[PDB]
Each structure stands twice: as structure tokens, then as C-alpha cells.
$ cat entry15.tsv   # TSV, C-alpha atoms
chain	number	residue	atom	x	y	z
A	395	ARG	CA	0.00	0.00	0.00
A	396	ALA	CA	2.81	2.45	0.79
A	397	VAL	CA	4.58	1.48	-2.43
A	398	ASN	CA	1.36	2.36	-4.29
A	399	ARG	CA	1.56	6.00	-3.14
A	400	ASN	CA	5.03	6.39	-4.69
A	401	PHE	CA	6.32	6.90	-1.15
A	402	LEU	CA	8.52	3.80	-1.15
A	403	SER	CA	9.86	1.86	-4.13
A	404	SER	CA	10.67	-1.59	-2.67
A	405	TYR	CA	10.78	-3.55	0.57
A	406	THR	CA	11.66	-6.86	2.20
A	407	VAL	CA	10.21	-8.89	5.07
A	408	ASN	CA	11.71	-11.60	7.28
A	409	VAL	CA	9.92	-13.88	9.74
A	410	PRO	CA	11.11	-16.62	12.09
A	411	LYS	CA	10.42	-20.31	11.68
A	412	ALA	CA	7.94	-21.99	14.02
A	413	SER	CA	10.46	-24.73	14.85
A	414	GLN	CA	12.85	-22.00	16.06
A	415	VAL	CA	10.77	-19.84	18.42
A	416	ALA	CA	11.54	-19.99	22.14
A	417	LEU	CA	9.26	-21.49	24.78
A	418	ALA	CA	8.64	-18.23	26.66
A	419	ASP	CA	7.09	-16.69	23.54
A	420	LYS	CA	4.80	-19.70	23.11
A	421	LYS	CA	3.73	-19.48	26.76
A	422	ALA	CA	3.05	-15.75	26.37
A	423	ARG	CA	1.39	-16.20	22.94
A	424	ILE	CA	3.52	-13.45	21.37
A	425	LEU	CA	5.54	-13.44	18.14
A	426	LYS	CA	8.83	-11.52	17.94
A	427	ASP	CA	11.83	-11.09	15.61
A	428	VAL	CA	9.76	-9.81	12.68
A	429	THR	CA	11.67	-7.20	10.67
A	430	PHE	CA	11.44	-5.40	7.34
A	431	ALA	CA	13.05	-2.68	5.23
A	432	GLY	CA	12.21	-0.19	2.51
A	433	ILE	CA	13.57	2.43	0.13
A	434	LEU	CA	12.40	6.00	-0.44
A	435	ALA	CA	11.41	7.68	-3.72
A	436	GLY	CA	12.50	11.33	-3.64
A	437	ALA	CA	11.36	14.41	-5.53
A	438	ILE	CA	12.60	17.57	-7.26
A	439	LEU	CA	12.49	21.07	-5.77
A	440	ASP	CA	15.27	23.15	-7.39
A	441	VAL	CA	16.89	23.50	-10.81
A	442	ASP	CA	20.26	24.66	-12.10
A	443	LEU	CA	20.67	25.75	-15.70
A	444	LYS	CA	23.42	27.04	-18.00
A	445	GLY	CA	23.36	28.02	-21.66
A	446	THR	CA	25.08	29.98	-24.41
A	447	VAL	CA	24.20	32.27	-27.31
A	448	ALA	CA	26.17	33.02	-30.47
A	449	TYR	CA	25.86	33.69	-34.19
B	1	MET	CA	-19.09	-78.64	27.82
B	2	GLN	CA	-15.67	-80.26	28.14
B	3	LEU	CA	-14.15	-82.54	25.51
B	4	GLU	CA	-13.48	-86.08	26.75
B	5	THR	CA	-13.03	-88.98	24.34
B	6	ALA	CA	-14.22	-91.39	27.04
B	7	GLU	CA	-17.65	-89.76	26.70
B	8	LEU	CA	-17.61	-89.47	22.90
B	9	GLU	CA	-16.98	-93.20	22.60
B	10	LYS	CA	-19.82	-93.98	25.01
B	11	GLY	CA	-22.21	-91.71	23.13
B	12	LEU	CA	-21.32	-93.27	19.79
B	13	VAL	CA	-21.76	-96.74	21.27
B	14	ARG	CA	-25.20	-95.84	22.63
B	15	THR	CA	-26.25	-94.29	19.32
B	16	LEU	CA	-25.11	-97.22	17.18
B	17	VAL	CA	-27.22	-99.68	19.20
B	18	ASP	CA	-30.33	-97.95	17.85
B	19	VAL	CA	-28.97	-96.93	14.44
B	20	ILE	CA	-27.54	-100.26	13.23
B	21	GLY	CA	-28.47	-102.65	16.02
B	22	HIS	CA	-30.84	-104.71	13.87
B	23	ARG	CA	-28.04	-106.22	11.75
B	24	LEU	CA	-25.78	-107.33	14.63
B	25	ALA	CA	-25.68	-110.34	16.92
B	26	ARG	CA	-27.09	-110.15	20.44
B	27	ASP	CA	-25.69	-111.25	23.79
B	28	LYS	CA	-27.33	-113.04	26.72
B	29	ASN	CA	-29.06	-109.80	27.78
B	30	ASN	CA	-30.52	-109.29	24.27
B	31	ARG	CA	-28.32	-106.23	23.73
B	32	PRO	CA	-26.63	-105.81	20.32
B	33	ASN	CA	-22.88	-106.43	20.38
B	34	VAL	CA	-21.22	-103.02	20.26
B	35	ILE	CA	-18.15	-102.45	22.43
B	36	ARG	CA	-15.16	-100.18	22.97
B	37	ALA	CA	-11.76	-101.33	21.77
B	38	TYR	CA	-9.27	-102.97	24.14
B	39	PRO	CA	-11.92	-103.92	26.73
B	40	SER	CA	-10.65	-104.24	30.29
B	41	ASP	CA	-11.76	-103.73	33.88
B	42	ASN	CA	-10.18	-103.45	37.33
B	43	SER	CA	-6.83	-102.64	35.73
B	44	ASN	CA	-6.06	-106.21	34.67
B	45	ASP	CA	-9.27	-108.01	33.63
B	46	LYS	CA	-9.67	-108.51	29.89
B	47	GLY	CA	-12.92	-108.86	27.96
B	48	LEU	CA	-13.75	-111.75	25.67
B	49	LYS	CA	-14.43	-111.53	21.96
B	50	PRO	CA	-18.22	-111.30	21.45
B	51	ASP	CA	-20.23	-113.36	19.01
B	52	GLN	CA	-20.12	-112.12	15.43
B	53	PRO	CA	-21.16	-109.88	13.83
B	54	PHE	CA	-20.19	-107.03	16.19
B	55	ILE	CA	-18.76	-103.51	16.14
B	56	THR	CA	-15.72	-101.91	17.79
B	57	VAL	CA	-15.26	-98.19	18.52
B	58	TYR	CA	-11.78	-96.73	19.01
B	59	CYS	CA	-10.79	-93.06	19.20
B	60	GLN	CA	-7.51	-92.41	17.39
B	61	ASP	CA	-6.36	-88.95	18.52
B	62	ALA	CA	-7.35	-85.28	18.78
B	63	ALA	CA	-5.90	-82.22	17.05
B	64	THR	CA	-6.49	-78.46	16.82
B	65	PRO	CA	-6.07	-77.49	13.15
B	66	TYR	CA	-8.28	-74.41	13.74
B	67	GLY	CA	-5.85	-72.04	15.41
B	68	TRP	CA	-5.06	-72.42	19.10
B	69	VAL	CA	-7.79	-70.46	20.91
B	70	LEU	CA	-11.23	-69.68	19.51
B	71	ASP	CA	-12.79	-67.43	22.18
B	72	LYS	CA	-11.85	-65.78	25.45
B	73	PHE	CA	-14.71	-64.34	27.49
B	74	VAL	CA	-16.05	-63.77	31.00
B	75	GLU	CA	-19.01	-65.89	32.12
B	76	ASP	CA	-19.53	-65.04	35.77
B	77	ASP	CA	-16.46	-63.54	37.45
B	78	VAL	CA	-14.46	-66.63	36.40
B	79	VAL	CA	-12.59	-66.27	33.11
B	80	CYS	CA	-13.28	-68.81	30.36
B	81	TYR	CA	-11.63	-70.20	27.23
B	82	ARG	CA	-13.07	-72.00	24.19
B	83	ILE	CA	-11.04	-74.28	21.92
B	84	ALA	CA	-11.96	-76.10	18.71
B	85	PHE	CA	-11.03	-79.78	18.39
B	86	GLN	CA	-11.15	-82.52	15.76
B	87	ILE	CA	-11.45	-86.20	16.65
B	88	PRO	CA	-11.11	-89.04	14.10
B	89	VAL	CA	-12.83	-92.25	15.22
B	90	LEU	CA	-12.49	-95.79	13.86
B	91	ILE	CA	-15.44	-98.18	13.60
B	92	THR	CA	-14.94	-101.78	12.47
B	93	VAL	CA	-17.36	-104.63	11.74
B	94	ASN	CA	-16.19	-108.21	12.26
B	95	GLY	CA	-17.95	-111.26	10.87
B	96	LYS	CA	-19.54	-112.28	7.57
B	97	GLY	CA	-21.07	-109.57	5.42
B	98	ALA	CA	-19.10	-106.86	7.22
B	99	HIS	CA	-18.98	-104.79	4.04
B	100	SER	CA	-22.73	-105.15	3.55
B	101	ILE	CA	-23.29	-103.75	7.05
B	102	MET	CA	-20.74	-100.96	6.81
B	103	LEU	CA	-22.36	-99.77	3.58
B	104	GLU	CA	-25.73	-99.37	5.29
B	105	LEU	CA	-24.10	-97.70	8.28
B	106	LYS	CA	-22.51	-95.20	5.89
B	107	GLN	CA	-25.82	-94.56	4.16
B	108	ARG	CA	-27.47	-93.74	7.52
B	109	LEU	CA	-24.88	-91.39	9.01
B	110	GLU	CA	-25.52	-89.04	6.07
B	111	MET	CA	-29.25	-88.65	6.78
B	112	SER	CA	-30.69	-85.49	8.29
B	113	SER	CA	-31.79	-87.70	11.15
B	114	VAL	CA	-29.18	-89.75	13.02
B	115	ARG	CA	-26.88	-86.73	12.77
B	116	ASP	CA	-29.26	-85.06	15.23
B	117	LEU	CA	-29.18	-88.02	17.62
B	118	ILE	CA	-25.38	-88.03	17.54
B	119	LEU	CA	-25.35	-84.36	18.53
B	120	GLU	CA	-27.99	-85.02	21.19
B	121	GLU	CA	-25.82	-87.69	22.85
B	122	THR	CA	-22.20	-86.66	22.25
B	123	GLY	CA	-22.75	-82.99	21.41
B	124	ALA	CA	-20.54	-83.23	18.32
B	125	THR	CA	-21.03	-82.83	14.57
B	126	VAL	CA	-20.01	-85.27	11.85
B	127	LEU	CA	-17.49	-83.62	9.52
B	128	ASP	CA	-16.31	-86.36	7.14
B	129	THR	CA	-16.54	-90.08	6.41
B	130	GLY	CA	-13.79	-91.99	4.62
B	131	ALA	CA	-13.86	-94.96	2.29
B	132	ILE	CA	-14.46	-98.57	3.33
B	133	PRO	CA	-11.92	-101.28	2.42
B	134	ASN	CA	-12.75	-105.00	2.31
B	135	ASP	CA	-10.12	-106.74	4.43
B	136	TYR	CA	-9.39	-110.42	5.08
B	137	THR	CA	-7.14	-111.62	7.91
B	138	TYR	CA	-6.19	-115.27	8.24
B	139	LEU	CA	-6.33	-115.72	12.04
B	140	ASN	CA	-6.20	-119.55	12.33
B	141	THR	CA	-8.13	-122.05	10.23
B	142	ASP	CA	-10.42	-119.58	8.43
B	143	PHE	CA	-10.20	-115.99	7.25
B	144	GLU	CA	-12.26	-113.27	8.94
B	145	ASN	CA	-13.96	-110.57	6.89
B	146	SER	CA	-13.65	-107.05	8.30
B	147	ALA	CA	-14.59	-103.55	7.19
B	148	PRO	CA	-13.11	-100.49	8.95
B	149	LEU	CA	-14.35	-96.94	8.55
B	150	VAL	CA	-13.22	-93.52	9.80
B	151	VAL	CA	-15.70	-90.89	11.01
B	152	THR	CA	-14.29	-87.50	11.99
B	153	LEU	CA	-16.08	-85.35	14.57
B	154	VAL	CA	-15.84	-81.70	15.64
B	155	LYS	CA	-16.50	-80.33	19.12
B	156	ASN	CA	-15.89	-77.18	21.16
B	157	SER	CA	-14.56	-77.43	24.72
B	158	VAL	CA	-14.71	-74.81	27.47
B	159	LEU	CA	-12.53	-74.53	30.58
B	160	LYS	CA	-12.49	-72.25	33.62
B	161	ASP	CA	-9.41	-70.25	34.62
B	162	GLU	CA	-9.69	-70.06	38.40
B	163	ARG	CA	-6.54	-67.92	38.58
B	164	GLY	CA	-8.02	-65.05	36.57
B	165	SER	CA	-9.42	-61.73	37.71
B	166	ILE	CA	-11.21	-58.72	36.25
B	167	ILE	CA	-10.48	-55.00	36.36
B	168	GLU	CA	-13.23	-52.93	37.98
B	169	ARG	CA	-11.35	-49.70	38.82
B	170	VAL	CA	-8.94	-47.55	36.81
B	171	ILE	CA	-6.70	-44.71	38.01
B	172	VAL	CA	-5.25	-42.37	35.38
B	173	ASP	CA	-2.77	-39.49	35.53
B	174	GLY	CA	-1.72	-37.05	32.83
B	175	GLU	CA	0.20	-33.88	32.08
B	176	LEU	CA	0.35	-31.14	29.47
B	177	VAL	CA	3.46	-29.32	28.25
B	178	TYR	CA	4.27	-26.67	25.66
B	179	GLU	CA	7.63	-28.33	24.94
B	180	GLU	CA	8.88	-31.88	25.38
B	181	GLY	CA	10.43	-32.49	28.78
B	182	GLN	CA	9.04	-29.36	30.45
B	183	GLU	CA	9.92	-30.39	33.99
B	184	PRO	CA	7.10	-28.46	35.72
B	185	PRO	CA	4.00	-29.46	33.74
B	186	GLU	CA	1.54	-26.79	32.66
B	187	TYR	CA	-1.43	-28.82	33.89
B	188	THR	CA	-2.13	-32.17	35.53
B	189	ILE	CA	-5.32	-34.20	35.16
B	190	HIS	CA	-6.14	-36.92	37.68
B	191	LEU	CA	-9.09	-39.24	37.10
B	192	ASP	CA	-10.65	-42.24	38.83
B	193	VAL	CA	-13.40	-44.45	37.43
B	194	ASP	CA	-15.28	-47.16	39.31
B	195	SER	CA	-17.45	-49.88	37.80
B	196	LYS	CA	-20.42	-48.97	40.01
$ encode --input "entry15.tsv" --output "C-alpha cells"
Amino acid sequence: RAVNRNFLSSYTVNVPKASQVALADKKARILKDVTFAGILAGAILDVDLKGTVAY
Amino acid sequence: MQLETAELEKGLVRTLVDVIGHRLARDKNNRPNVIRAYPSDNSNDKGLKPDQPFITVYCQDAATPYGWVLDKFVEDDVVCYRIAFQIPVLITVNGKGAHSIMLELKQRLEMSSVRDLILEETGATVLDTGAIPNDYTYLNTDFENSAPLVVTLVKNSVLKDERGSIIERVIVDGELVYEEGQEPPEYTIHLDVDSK
């Protein structure tokens, strides 16, 4: 959804395996170690220009 | 019912007196001559050979070709077992016209009747009936005509196991764990169930 706004331009997600979670998390019914990443788009606000004139 | 060949032979002897008694000789008491093989009494007395024609009944052996145990059940608090048995029997006619008498005896054991009387007395079913040879044995002086026959029977025997016992109460314990070998269990369930 964020990528659709032209805010980001990519991302990645990582999640743990069920056979790897600790016992305390299972007793507390909470999932941890989920992470992700993204990249920004950018914009334009200023311009620099140079030219010449001759015969 | 328990299986005992001593009773099967007696039942067959009692049945044959009525089934084929009209063709046989008769003793001083007017009874047809049908006897068990190797007659003896009081551990050394030996019977005499009756007047011909007569019949001899001899049980060969007993086997269990049908598995080893048929049923195991509880009848009253005492445990019980049922076992299937097979018993080949040998019947011989001695005299003159032995074959002519064995043929008619064969033709009567196959009737719907007679097979009911056998089951009434011995409590066993006729399974098979083999062929009849026509034998001659010299003895002394003159030959003797004989005609053996084999009739197989089937019977179920039941015995009581006086050493057995029944379960009437069960005690059960259990545990629950998130992970294998969780030393303090999450929960413990204790149950007890009586027959009453």
C-alpha cells in the first residue's frame, strides 16, 4: 500500500520459523523477531541551468 | 461342555445300538454287540471276543487345526476359554457280510436324522466319512472278513481359569506441556473411574 503512493519503491520482510521460536514466547502467545526494510522515492524542488548564445 | 473322548466313545456306542443294532448279533441280555476297543476292567481283567457280527469303537487322537484359541470371554467372574477340536474315530465290523453292514451304516450317518441323535448324545457334529476297504485276515483255520471306517467329529470345549481376575477400577494421571520435557508441567489431570 505504501509502495502504491510512490512513497517507497521496494521492501523486504523476514519472519522466524515456528520450529525455532523460544518457549517463553509460546507461553506468552507473542511473536517476535519480525523485521522489514524499505527504500524512499525522492522528488525535485530546485533546478540549475546554463546556456550559451552566439551567431 | 468339556471334551473327553471317554464320553464321545460312550455316546457313539449308545447311538449305534439304535442306528444299526438290527443287523448285529445279540448277547445273553438281548443287547446288540457293540463295544469299545481294548476292553478291560479293574486294571487287569480282559474282555472276551463277542459273538459275530459285532462292532468296535476306538478313538484315534485329537488335534487343533483351527488355530489355538477360539474365544476368550467372562461368564460369571471366572474367566473362560473356548477351543476347537477334531477327533477321528475308527469303527470296524467283524464277521460275515461286514462290508454289507458298513455300507448301510454309511448310508445312515448321512441322513438329516441320526446326525441329530449323535449331537444329542455326544454334542458333536459329523465332519467327514472316509472310504471302506474289504479286508481279510487269516487268524487260524479260516479268514475273517472285516470292514473299517473312519468318522471325523468336531466339538468345542470350554474350561475355567480359576486364577483369573477382572479390572473394575482404573486410576489415570496425565500432564500437558508446551515443549517436550518441560519439567514443571503446565497442567495435571487426575481421574478415577469405578465400575459402580
$ closest_atom_pairs --input "entry15.tsv" --of "chain A" --to "chain B" --cutoff "12 Å" --atoms "only C-alpha atoms" --output "Markdown table"
| residue | atom | partner | partner_atom | distance |
| --- | --- | --- | --- | --- |
| A:413 | CA | B:179 | CA | 11.1 |
| A:415 | CA | B:179 | CA | 11.2 |
| A:416 | CA | B:179 | CA | 9.6 |
| A:417 | CA | B:179 | CA | 7.0 |
| A:418 | CA | B:178 | CA | 9.6 |
| A:419 | CA | B:178 | CA | 10.6 |
| A:420 | CA | B:178 | CA | 7.4 |
| A:421 | CA | B:178 | CA | 7.3 |
| A:422 | CA | B:178 | CA | 11.0 |
| A:423 | CA | B:178 | CA | 11.2 |
$ residues_around --input "entry15.tsv" --residues "region 152-169 of chain B" --least-positions-apart "6" --cutoff "7 Å" --atoms "all atoms listed in the file" --output "list in words"
residues 1, 2, 3, 78, 79, 80, 81, 82, 83, 84, 85, 86, 87, 88, 89, 124, 125, 126, 127, 128, 129, 193, 194 and 195 of chain B
$ atom_distance --input "entry15.tsv" --atom1 "CA of residue 36 (chain B)" --atom2 "CA of residue 62 (chain B)"
17.3 Å
$ axis_aligned_box --input "entry15.tsv" --around "region 428-446 of chain A" --padding-each-side "3 Å" --output "AutoDock Vina command-line options"
--center_x 17.4 --center_y 10.1 --center_z -5.9 --size_x 21.3 --size_y 45.8 --size_z 43.1
$ atom_distance --input "entry15.tsv" --atom1 "CA of residue 109 (chain B)" --atom2 "CA of residue 97 (chain B)"
18.9 Å
$ atom_distance --input "entry15.tsv" --atom1 "CA of residue 43 (chain B)" --atom2 "CA of residue 6 (chain B)"
16.0 Å
$ closest_residue --input "entry15.tsv" --among "A:447, A:437, A:396, A:412" --to "residue 425 (chain A)" --atoms "all atoms listed in the file"
A:412
$ residues_around --input "entry15.tsv" --residues "residue 24 (chain B)" --least-positions-apart "4" --cutoff "6 Å" --atoms "only C-alpha atoms" --output "PyMOL selection string"
chain B and resi 32+53-54
$ residues_around --input "entry15.tsv" --residues "residue 52 (chain B)" --least-positions-apart "2" --cutoff "7 Å" --atoms "all atoms listed in the file" --output "PDB file with C-alpha atoms, keeping the file's coordinate frame"
ATOM      1  CA  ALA B  25     -25.680-110.340  16.920  1.00  0.00           C
ATOM      2  CA  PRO B  50     -18.220-111.300  21.450  1.00  0.00           C
ATOM      3  CA  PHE B  54     -20.190-107.030  16.190  1.00  0.00           C
ATOM      4  CA  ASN B  94     -16.190-108.210  12.260  1.00  0.00           C
ATOM      5  CA  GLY B  95     -17.950-111.260  10.870  1.00  0.00           C
TER       6      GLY B  95
END
$ residues_around --input "entry15.tsv" --residues "residue 10 (chain B)" --least-positions-apart "5" --cutoff "12 Å" --atoms "all atoms listed in the file" --output "count of residues only"
17
$ closest_residue --input "entry15.tsv" --among "B:93, B:189, B:171, B:176" --to "residue 20 (chain B)" --atoms "all atoms listed in the file"
B:93
$ residues_around --input "entry15.tsv" --residues "residue 408 (chain A)" --least-positions-apart "5" --cutoff "12 Å" --atoms "all atoms listed in the file" --output "list in words"
residues 426, 427, 428, 429, 430 and 431 of chain A
$ residues_near_point --input "entry15.tsv" --point "(7.4, 5.0, -3.7)" --cutoff "10 Å" --atoms "all atoms listed in the file" --output "ChimeraX atom specification"
/A:395-404,432-436
$ decode --input "entry15.tsv" --residues "region 51-65 of chain B" --atoms "N, CA, C and O atoms" --output "PDB file, in the first residue's frame"
ATOM      1  N   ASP B  51     -19.784-112.591  20.161  1.00  0.00           N
ATOM      2  CA  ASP B  51     -20.235-113.360  19.009  1.00  0.00           C
ATOM      3  C   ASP B  51     -20.428-112.443  17.809  1.00  0.00           C
ATOM      4  O   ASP B  51     -20.947-111.332  17.939  1.00  0.00           O
ATOM      5  N   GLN B  52     -20.008-112.910  16.639  1.00  0.00           N
ATOM      6  CA  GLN B  52     -20.120-112.115  15.431  1.00  0.00           C
ATOM      7  C   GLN B  52     -21.551-112.116  14.908  1.00  0.00           C
ATOM      8  O   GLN B  52     -22.330-113.027  15.200  1.00  0.00           O
ATOM      9  N   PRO B  53     -21.927-111.098  14.129  1.00  0.00           N
ATOM     10  CA  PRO B  53     -21.160-109.880  13.829  1.00  0.00           C
ATOM     11  C   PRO B  53     -21.230-108.879  14.974  1.00  0.00           C
ATOM     12  O   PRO B  53     -22.211-108.844  15.706  1.00  0.00           O
ATOM     13  N   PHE B  54     -20.200-108.058  15.161  1.00  0.00           N
ATOM     14  CA  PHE B  54     -20.190-107.029  16.189  1.00  0.00           C
ATOM     15  C   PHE B  54     -19.430-105.815  15.674  1.00  0.00           C
ATOM     16  O   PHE B  54     -18.909-105.809  14.557  1.00  0.00           O
ATOM     17  N   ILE B  55     -19.378-104.775  16.501  1.00  0.00           N
ATOM     18  CA  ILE B  55     -18.760-103.506  16.141  1.00  0.00           C
ATOM     19  C   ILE B  55     -17.804-103.093  17.250  1.00  0.00           C
ATOM     20  O   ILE B  55     -18.038-103.381  18.426  1.00  0.00           O
ATOM     21  N   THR B  56     -16.725-102.417  16.866  1.00  0.00           N
ATOM     22  CA  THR B  56     -15.724-101.907  17.791  1.00  0.00           C
ATOM     23  C   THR B  56     -15.526-100.420  17.537  1.00  0.00           C
ATOM     24  O   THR B  56     -15.451 -99.994  16.380  1.00  0.00           O
ATOM     25  N   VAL B  57     -15.441 -99.636  18.608  1.00  0.00           N
ATOM     26  CA  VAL B  57     -15.264 -98.191  18.523  1.00  0.00           C
ATOM     27  C   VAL B  57     -13.956 -97.829  19.212  1.00  0.00           C
ATOM     28  O   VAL B  57     -13.722 -98.230  20.357  1.00  0.00           O
ATOM     29  N   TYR B  58     -13.112 -97.068  18.519  1.00  0.00           N
ATOM     30  CA  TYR B  58     -11.779 -96.732  19.007  1.00  0.00           C
ATOM     31  C   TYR B  58     -11.444 -95.319  18.563  1.00  0.00           C
ATOM     32  O   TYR B  58     -11.448 -95.033  17.364  1.00  0.00           O
ATOM     33  N   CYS B  59     -11.149 -94.441  19.518  1.00  0.00           N
ATOM     34  CA  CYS B  59     -10.789 -93.064  19.201  1.00  0.00           C
ATOM     35  C   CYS B  59      -9.292 -92.972  18.942  1.00  0.00           C
ATOM     36  O   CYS B  59      -8.485 -93.389  19.781  1.00  0.00           O
ATOM     37  N   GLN B  60      -8.917 -92.411  17.792  1.00  0.00           N
ATOM     38  CA  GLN B  60      -7.514 -92.409  17.393  1.00  0.00           C
ATOM     39  C   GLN B  60      -6.724 -91.318  18.105  1.00  0.00           C
ATOM     40  O   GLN B  60      -5.771 -91.614  18.836  1.00  0.00           O
ATOM     41  N   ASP B  61      -7.092 -90.057  17.909  1.00  0.00           N
ATOM     42  CA  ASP B  61      -6.364 -88.950  18.516  1.00  0.00           C
ATOM     43  C   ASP B  61      -7.243 -87.704  18.480  1.00  0.00           C
ATOM     44  O   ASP B  61      -8.435 -87.774  18.164  1.00  0.00           O
ATOM     45  N   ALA B  62      -6.649 -86.560  18.811  1.00  0.00           N
ATOM     46  CA  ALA B  62      -7.346 -85.284  18.775  1.00  0.00           C
ATOM     47  C   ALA B  62      -6.350 -84.195  18.413  1.00  0.00           C
ATOM     48  O   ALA B  62      -5.226 -84.181  18.921  1.00  0.00           O
ATOM     49  N   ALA B  63      -6.768 -83.281  17.539  1.00  0.00           N
ATOM     50  CA  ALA B  63      -5.901 -82.220  17.049  1.00  0.00           C
ATOM     51  C   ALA B  63      -6.668 -80.908  17.043  1.00  0.00           C
ATOM     52  O   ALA B  63      -7.889 -80.880  17.202  1.00  0.00           O
ATOM     53  N   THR B  64      -5.931 -79.812  16.852  1.00  0.00           N
ATOM     54  CA  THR B  64      -6.493 -78.462  16.821  1.00  0.00           C
ATOM     55  C   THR B  64      -5.997 -77.761  15.563  1.00  0.00           C
ATOM     56  O   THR B  64      -5.177 -76.833  15.634  1.00  0.00           O
ATOM     57  N   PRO B  65      -6.472 -78.177  14.386  1.00  0.00           N
ATOM     58  CA  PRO B  65      -6.066 -77.488  13.153  1.00  0.00           C
ATOM     59  C   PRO B  65      -6.629 -76.084  13.028  1.00  0.00           C
ATOM     60  O   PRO B  65      -6.141 -75.314  12.194  1.00  0.00           O
TER      61      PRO B  65
END
